[PDB]
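Visitor: The structure's right below; bear with me while I get my questions together.
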Amino acid sequence: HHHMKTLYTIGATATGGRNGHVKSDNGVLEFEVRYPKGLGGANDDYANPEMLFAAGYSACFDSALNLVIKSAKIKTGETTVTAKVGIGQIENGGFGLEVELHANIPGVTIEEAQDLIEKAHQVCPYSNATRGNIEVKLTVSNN
Amino acid sequence: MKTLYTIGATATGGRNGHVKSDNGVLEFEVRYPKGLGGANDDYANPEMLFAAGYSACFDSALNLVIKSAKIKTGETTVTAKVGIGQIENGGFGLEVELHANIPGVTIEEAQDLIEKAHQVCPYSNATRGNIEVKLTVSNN
């Protein structure tokens, strides 16, 4: 039991089996999902849950990074975050993820950049949700 | 781990957040929802991406489990409801209500299927023990 004061909740529904469909409760997100070619699918034309995880994690981390920057009143350029998500088979026959995250923070020193991403990595819910379970390699640049 | 597939995405845009997968298949804007101080509820956000991804991951795993057993069912549905709140480090954490519906089976069969799916789905494996995932099943 992870008791917290819930600030916001959002739902989504998945249907359609192998040729899947996902829709947020409010319709803001709605699209097809399919297995990608590298997992035995027909093509790479559609989204999949691994891609949704990369999209969500990159956005979560960039949002947390910008909150940390604004809280510190530090001048930076516009930040960028990339998330690369891999899937493979794990020990029980299930499947698991691995993640590489990279942030770029223009206009700061590397010490500042490192401090900022360290804090962002504690703020981001995706980082808190995955810590200890999967590999999350996190690096920062200041280009 | 022997990696079978990898996919990337990039987020940028500052106050006008934008996310794009490496291949352009997903590209959309993100903003804070009203409940977290944002202007409205017209945009995606990372909580919504997690709900979409988890529901799809779990439904995919469930269908793989069903097919491996050659069990006849109706079309399944999975809902994921994702909450966010402040946690002990001063940062923020998720919580999930995950519900599957499996038509055409007994509730005991459905429970067995979701228990197996919860070991297959990468989102379940990645988050286990770090967030509460209330997992239930129906057979409507």
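Quick note: the coordinates plus some simple rules give every number you see, no bench work behind them. Neighbour counts run over all protein chains shown; Cβ positions are idealised from the backbone, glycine included.
Visitor: Placing +1 on the Cβ of each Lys and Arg and -1 on the Cβ of each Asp and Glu in the range B:1-133, which of B:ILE66, B:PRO122, B:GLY8 has its Cα farthest towards the positive end of the resulting dipole?
Guide: B:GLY8
Visitor: For the range B:24-86, what Kirkwood radius comes out of the mean inverse Cα-Cα distance, in Å? It would help to have the intermediate numbers written out before the result.
Guide: On the way: mean 1/r = 0.0712 Å⁻¹.
When all Cα pairs of the range B:24-86 are included, the Kirkwood radius is 14.0 Å.
Visitor: Give me the dipole magnitude in Debye, nearest 20, for the protein assembly as shown about the Cα centre, with unit charges on the beta carbon: positive for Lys and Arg, negative for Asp and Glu. Don't skip to the end; give the middle numbers.
Guide: Numbers: 24 positive and 32 negative charges, 4 e Å.
The calculated dipole for the protein assembly as shown is roughly 20 debye.
Visitor: Can you give the mean number of other chain Cβ atoms that lie within 10 Å of the Cβ atoms in peptide A:60-70? Before the final figure, lay out the partial values.
Guide: Working: counts 10, 2, 10, 9, 3, 1, 4, 2, 1, 1, 1.
Rounded to a whole number, the mean comes out at 4.
Visitor: Then there's this: Where does each of A:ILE90, B:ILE114 land when they are ranked from fewest to most other beta-carbon atoms within 10 angstrom?
Guide: Working: A:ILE90 17, B:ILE114 22.
The most exposed by this proxy come first: A:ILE90, B:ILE114.
Visitor: Residues with amide H under 5 Å of B:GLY14's amide H, sequence separation 5 or more or different chain, H placed in the peptide plane at 1.01 Å from N; which?
Guide: Excluding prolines and chain starts, which carry no amide H, the hits are A:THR79.
Visitor: Then there's this: Between 0 and 90 degrees, rounded to the nearest ten: what's the tilt of helix B:46-69 against the longest Cα principal axis of chain B?
Guide: The answer is roughly 20 degrees.
Visitor: Further, regarding this structure: Using the Karplus curve 6.51 cos²θ - 1.76 cosθ + 1.60 with θ = phi - 60°, what ³J(HN,Hα) values do you get for each residue of the range A:78-85, in whole Hz, with x for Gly and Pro?
Guide: With coefficients 6.51, -1.76 and 1.60, one gets 5, 7, 10, 10, 10, 10, 10, 10 Hz.
Visitor: List the GluC sites (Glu not before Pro) within the range A:25-129 that DSSP assigns to loop and that have no more than 15 neighbouring Cβ atoms inside 10 Å.
Guide: Values: sites: A:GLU30, A:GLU32, A:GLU50, A:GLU78, A:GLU91, A:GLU98, A:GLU100, A:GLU111, A:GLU112, A:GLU118; in loops: A:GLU78, A:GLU91.
Loop-located and lightly packed - A:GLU78, A:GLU91.
Visitor: Output needed for the range B:1-44: three equivalent-ellipsoid semi-axes, defined as square roots of 5 times the C-alpha gyration tensor eigenvalues, in descending order, whole Å.
Guide: Values: eigenvalues 150, 27, 15 Å².
Values for the range B:1-44, descending: 27, 12, 9 Å.
Visitor: What are the semi-axes of the equivalent ellipsoid for the range B:45-140, taken as the square roots of 5 times the Cα gyration tensor eigenvalues, largest first, in whole Å? Spell out each step's value before the answer.
Guide: Working: eigenvalues 143, 28, 25 Å².
For the range B:45-140, the ellipsoid semi-axes come out as 27, 12, 11 Å.
Visitor: Could you size up the charge dipole of the range A:1-83 around its Cα centre, putting +1 on the beta carbon of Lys and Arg and -1 on that of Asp and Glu, and report it in debye to the nearest 20?
Guide: Values: 8 positive and 8 negative charges, 72 e Å.
Value, rounded to 20: 340 debye.
Visitor: Out of B:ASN40, B:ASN101, B:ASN89, any idea which swings most in a Gaussian network model of chain B, alpha carbons joined below 10 Å?
Guide: In the Gaussian network model the winner is B:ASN89.
Visitor: Here is a follow-up. Using a simple charge model, +1 on the beta-carbon of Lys and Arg, -1 on the beta-carbon of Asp and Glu, nothing else, what dipole does the range B:45-140 show about its Cα centre, in debye to the nearest 20?
Guide: Taking the Cα centre of the range B:45-140 as origin, the dipole is about 320 debye.
Visitor: Something else: Once you've got the Cα coordinates, tell me which of A:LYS119/B:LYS20; A:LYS23/A:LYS137; A:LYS137/B:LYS2; A:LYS75/B:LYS20 are over 22 Å apart.
Guide: Going by Cα-Cα distance, A:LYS119/B:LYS20; A:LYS23/A:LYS137; A:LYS75/B:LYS20 fall outside the 22 Å limit.
Visitor: Another question, then. Binning at 5 Å from 0, report for the protein assembly as shown what percent of all alpha-carbon pair distances ends up in each bin.
Guide: 1, 6, 13, 18, 19, 17, 12, 7, 4, 2, 1, 0, 0
Visitor: Still on this model: To make sure I understand the rule: partners must be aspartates and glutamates, Cα under 18 Å from the Cα of A:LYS73, and not fewer than 8 residues away in the same chain. Which ones qualify?
Guide: Result set, ordered by chain and number: A:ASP62, A:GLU111, A:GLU112, A:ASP115, A:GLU118.
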